2 protein chains.
Amino acid sequence: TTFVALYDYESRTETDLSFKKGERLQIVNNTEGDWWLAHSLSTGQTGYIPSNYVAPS
Amino acid sequence: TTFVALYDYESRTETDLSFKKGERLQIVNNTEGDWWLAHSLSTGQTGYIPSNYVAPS
């Protein structure tokens, strides 16, 4: 399955992909899965996490 | 709503959250959506993208 960008996106870090509206993109799976923005109740820190490392409470 | 870590995870960039197995985490709504690892057919580049910027071809 192929996706198409609806907006431009300029990369902000070393690990993200820049692209332009109309570019065609294939998702590639990996062991980490989707990444979610998360907030830790144990430490107060915040950032993206790999969804395959966690489970619901 | 609330998740639990199954593994340790050490941060690799400035934007990800480190955590330890057992930490409680809350996912936080933001406009970007899940982030996916993606491969560009126009440029050959690879990296994570915000799913809400793309749509299927």
# chains A, B, ... in the order shown; residues from 1 in each chain; ligands from 1
call {"tool": "residues_around", "arguments": {"residues": "residue A:27", "least_positions_apart": "4", "cutoff": "10 Å", "atoms": "only C-alpha atoms", "output": "list in words"}}
result
residues 1, 2 and 3 of chain A; 36, 37, 38, 39, 40, 46, 47, 48, 49 and 51 of chain B
call {"tool": "write_last_selection", "arguments": {"atoms": "N, CA and C atoms", "output": "tab-separated table (two decimals), in the first residue's frame"}}
result
chain	number	residue	atom	x	y	z
A	1	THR	N	0.86	-1.19	0.00
A	1	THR	CA	0.00	0.00	0.00
A	1	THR	C	0.91	1.26	0.00
A	2	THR	N	0.60	2.16	-0.93
A	2	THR	CA	1.33	3.40	-1.14
A	2	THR	C	0.54	4.62	-0.68
A	3	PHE	N	1.21	5.54	0.02
A	3	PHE	CA	0.55	6.75	0.48
A	3	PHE	C	1.02	7.96	-0.30
B	36	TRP	N	5.12	7.05	11.51
B	36	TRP	CA	5.42	5.85	10.76
B	36	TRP	C	6.78	5.99	10.09
B	37	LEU	N	7.46	4.86	9.95
B	37	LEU	CA	8.69	4.78	9.19
B	37	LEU	C	8.33	4.63	7.73
B	38	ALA	N	8.90	5.49	6.90
B	38	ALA	CA	8.43	5.61	5.55
B	38	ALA	C	9.60	5.75	4.61
B	39	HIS	N	9.34	5.38	3.36
B	39	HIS	CA	10.34	5.39	2.30
B	39	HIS	C	9.78	6.16	1.12
B	40	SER	N	10.51	7.17	0.66
B	40	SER	CA	10.03	8.06	-0.39
B	40	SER	C	10.38	7.52	-1.77
B	46	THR	N	14.61	8.07	3.56
B	46	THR	CA	13.87	7.25	4.50
B	46	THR	C	13.89	7.89	5.86
B	47	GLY	N	12.77	7.77	6.56
B	47	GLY	CA	12.65	8.32	7.90
B	47	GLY	C	11.20	8.31	8.36
B	48	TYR	N	11.01	8.77	9.59
B	48	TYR	CA	9.70	8.74	10.22
B	48	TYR	C	8.86	9.90	9.72
B	49	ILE	N	7.55	9.67	9.54
B	49	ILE	CA	6.65	10.72	9.07
B	49	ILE	C	5.44	10.79	9.99
B	51	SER	N	1.63	10.59	10.43
B	51	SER	CA	0.62	9.96	9.59
B	51	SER	C	-0.47	10.92	9.15
call {"tool": "select_by_dssp", "arguments": {"residues": "chain A", "states": "strand (DSSP E or B)", "output": "list in words"}}
result
residues 2, 3, 4, 5, 9, 16, 19, 24, 25, 26, 27, 35, 36, 37, 38, 39, 40, 46, 47, 48, 49, 50, 54, 55 and 56 of chain A
call {"tool": "write_last_selection", "arguments": {"atoms": "N, CA, C and O atoms", "output": "tab-separated table (two decimals), in the first residue's frame"}}
result
chain	number	residue	atom	x	y	z
A	2	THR	N	0.60	2.16	-0.93
A	2	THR	CA	1.33	3.40	-1.14
A	2	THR	C	0.54	4.62	-0.68
A	2	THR	O	-0.64	4.75	-1.01
A	3	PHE	N	1.21	5.54	0.02
A	3	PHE	CA	0.55	6.75	0.48
A	3	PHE	C	1.02	7.96	-0.30
A	3	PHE	O	2.05	7.92	-0.96
A	4	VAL	N	0.24	9.03	-0.22
A	4	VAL	CA	0.64	10.29	-0.84
A	4	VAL	C	0.56	11.41	0.19
A	4	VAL	O	-0.37	11.48	1.00
A	5	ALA	N	1.56	12.27	0.18
A	5	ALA	CA	1.62	13.38	1.10
A	5	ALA	C	0.59	14.42	0.73
A	5	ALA	O	0.47	14.80	-0.44
A	9	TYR	N	6.45	18.81	4.54
A	9	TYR	CA	6.95	18.59	5.88
A	9	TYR	C	8.46	18.71	5.85
A	9	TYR	O	9.11	17.91	5.19
A	16	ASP	N	13.84	11.98	11.01
A	16	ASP	CA	12.60	12.11	10.29
A	16	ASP	C	12.92	12.37	8.83
A	16	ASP	O	14.07	12.63	8.45
A	19	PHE	N	9.55	15.81	3.18
A	19	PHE	CA	8.90	15.51	1.92
A	19	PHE	C	8.03	16.70	1.51
A	19	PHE	O	7.82	17.63	2.28
A	24	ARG	N	5.10	10.34	-3.12
A	24	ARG	CA	4.53	9.02	-2.89
A	24	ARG	C	5.42	8.27	-1.91
A	24	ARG	O	6.64	8.26	-2.06
A	25	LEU	N	4.79	7.64	-0.91
A	25	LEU	CA	5.49	7.05	0.22
A	25	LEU	C	4.97	5.66	0.51
A	25	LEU	O	3.76	5.43	0.55
A	26	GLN	N	5.90	4.76	0.79
A	26	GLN	CA	5.56	3.43	1.25
A	26	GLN	C	5.91	3.31	2.71
A	26	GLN	O	7.04	3.63	3.11
A	27	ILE	N	5.01	2.78	3.48
A	27	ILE	CA	5.31	2.52	4.87
A	27	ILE	C	6.09	1.24	4.93
A	27	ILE	O	5.81	0.30	4.18
A	35	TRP	N	4.99	5.16	16.42
A	35	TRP	CA	5.49	5.91	17.54
A	35	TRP	C	4.45	6.90	18.00
A	35	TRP	O	3.84	7.59	17.18
A	36	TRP	N	4.28	6.96	19.32
A	36	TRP	CA	3.31	7.81	19.99
A	36	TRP	C	4.00	8.80	20.91
A	36	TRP	O	5.04	8.50	21.53
A	37	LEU	N	3.38	9.95	21.05
A	37	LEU	CA	3.81	10.95	22.00
A	37	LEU	C	3.24	10.60	23.35
A	37	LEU	O	2.03	10.41	23.50
A	38	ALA	N	4.11	10.52	24.34
A	38	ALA	CA	3.72	9.94	25.60
A	38	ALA	C	4.29	10.76	26.73
A	38	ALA	O	5.31	11.43	26.59
A	39	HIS	N	3.63	10.63	27.87
A	39	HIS	CA	3.97	11.37	29.09
A	39	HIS	C	4.12	10.37	30.22
A	39	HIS	O	3.19	9.60	30.48
A	40	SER	N	5.27	10.39	30.88
A	40	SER	CA	5.57	9.40	31.90
A	40	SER	C	5.07	9.85	33.26
A	40	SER	O	5.49	10.89	33.77
A	46	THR	N	8.54	13.75	28.84
A	46	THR	CA	7.64	13.59	27.72
A	46	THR	C	8.43	13.42	26.45
A	46	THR	O	9.52	13.98	26.31
A	47	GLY	N	7.88	12.61	25.54
A	47	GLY	CA	8.52	12.35	24.26
A	47	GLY	C	7.89	11.16	23.56
A	47	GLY	O	6.96	10.55	24.08
A	48	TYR	N	8.40	10.87	22.37
A	48	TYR	CA	7.82	9.83	21.54
A	48	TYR	C	8.29	8.47	22.03
A	48	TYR	O	9.45	8.32	22.42
A	49	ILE	N	7.40	7.48	21.97
A	49	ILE	CA	7.73	6.12	22.40
A	49	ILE	C	7.35	5.13	21.31
A	49	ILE	O	6.41	5.36	20.53
A	50	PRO	N	7.97	3.99	21.31
A	50	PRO	CA	7.63	2.97	20.33
A	50	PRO	C	6.49	2.16	20.86
A	50	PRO	O	6.64	1.54	21.91
A	54	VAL	N	4.95	-1.19	24.97
A	54	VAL	CA	4.02	-0.92	26.06
A	54	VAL	C	2.71	-1.66	25.84
A	54	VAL	O	2.40	-2.11	24.74
A	55	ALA	N	1.92	-1.74	26.90
A	55	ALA	CA	0.63	-2.40	26.94
A	55	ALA	C	-0.31	-1.60	27.82
A	55	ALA	O	0.14	-0.80	28.65
A	56	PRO	N	-1.62	-1.78	27.67
A	56	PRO	CA	-2.56	-0.99	28.48
A	56	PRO	C	-2.58	-1.41	29.93
A	56	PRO	O	-2.35	-2.57	30.27
